[PDB]
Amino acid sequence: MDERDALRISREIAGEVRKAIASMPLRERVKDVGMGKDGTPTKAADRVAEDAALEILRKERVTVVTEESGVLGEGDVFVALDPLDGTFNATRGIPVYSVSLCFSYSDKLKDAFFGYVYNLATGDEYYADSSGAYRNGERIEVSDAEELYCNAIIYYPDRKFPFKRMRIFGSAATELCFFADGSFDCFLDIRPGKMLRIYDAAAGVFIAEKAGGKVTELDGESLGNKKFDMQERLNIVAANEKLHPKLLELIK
């Protein structure tokens, strides 16, 4: 499998999930269908999303790691799947939630070759490959502002911070693409409970990187060895190469 193949499968997935959720009225979406592989309720809308995805997906030679259903298959391309990040927002009709996909030639983030984040609410498509990061077919890169007086996404502000704006939309993959686009100058999930999972962060991280962003663990450690088919925890510090050290200092 290559990137184009990856781009082709993701768009196919994007359309199906898009359709399944779009149909489901809020009061259906909100219902607990079961206990997720993640340890949190699997709501009716996450069930349809993950279903749609997994039907296109498992016709591939992939080992998939998905939010609700765990580790699936044994193929040697790993897919970090988030069938619907922003669940809370979709169950109440707030237009920020996506399907996020990250393909790797190993069970390690450092071998990622393709990243994909589709805005299920607005139909906004992001992805990055060996040619660059994109939004709705147009190239994108991170902003170049290096003052901490900036536009930050942040989970969570523990204290008084210097930011210009602080925002929390509730969708780690999409917010990372909000960082990738330059819409926001940084992204931070610095909660001492390292709560992010590999599939919520996988592609946005990848994509954040092709658009120029520097992205690391809390202490600036590399995200290269974060694993898939293991239950990985992530904290993220993501900014251009310039603001990046200052943030690192800022929370230290």
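We call the rigid core the largest set of C-alpha positions that still match within 1.5 Å between the two forms. Quick note: we count residues from 1 along the sequence shown, nothing fancier.
Subject >> Farther-lying stretch by C-alpha RMS in 6 other deposited structures of this protein (rigid core fit) among 223 to 231, 37 to 45 >> reply: So, of the two stretches, the farther one in 6 other deposited structures of this protein is 223 to 231.
**OP:** Tell me which of 195 to 203 and 34 to 42 has the higher mean C-alpha B-factor in the deposited entry.
**Re:** The stretch with the larger mean CA B-factor is 34 to 42.
Original post:
Would 240 to 248 or 226 to 234 have the larger average of its C-alpha temperature factors, as given in the entry?
Top reply: The entry gives the higher C-alpha B-factor average to 226 to 234.
Original post:
Of the options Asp107, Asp158, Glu175, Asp124, which has the highest CA B factor as deposited?
Top reply: Of the candidates given, the C-alpha B-factor peaks at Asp158.
Original post:
At the C-alpha atoms, which of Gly182, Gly137, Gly132, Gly86 reaches the highest B-factor in this entry?
Top reply: Each of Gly182, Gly137, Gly132, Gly86 was compared by C-alpha B-factor; the highest is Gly132.
**OP:** Grab the CA temperature factor for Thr216 from the record and place it in the lowest, middle or highest third of its chain.
**Re:** Bottom third by C-alpha B-factor.
**OP:** Relative to the other modelled residues of the same chain, rank the CA B-factor of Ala90 and answer lowest, middle or highest third.
**Re:** It belongs to the middle third of the chain when residues are ordered by C-alpha B-factor.
**OP:** Please place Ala14 in the lowest, middle or highest third of its chain by C-alpha B factor as given in the entry.
**Re:** Its C-alpha B-factor belongs to the lowest third of this chain's values.
Original post:
For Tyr149, does the deposited CA B-factor place it in the lowest, middle or highest third of the chain?
Top reply: It belongs to the highest third of the chain when residues are ordered by C-alpha B-factor.
**OP:** Sorting the chain's modelled residues by C-alpha B-factor, tell me whether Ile190 ends up in the lowest, middle or highest third.
**Re:** Middle third, going by the recorded CA B-factors of the chain.
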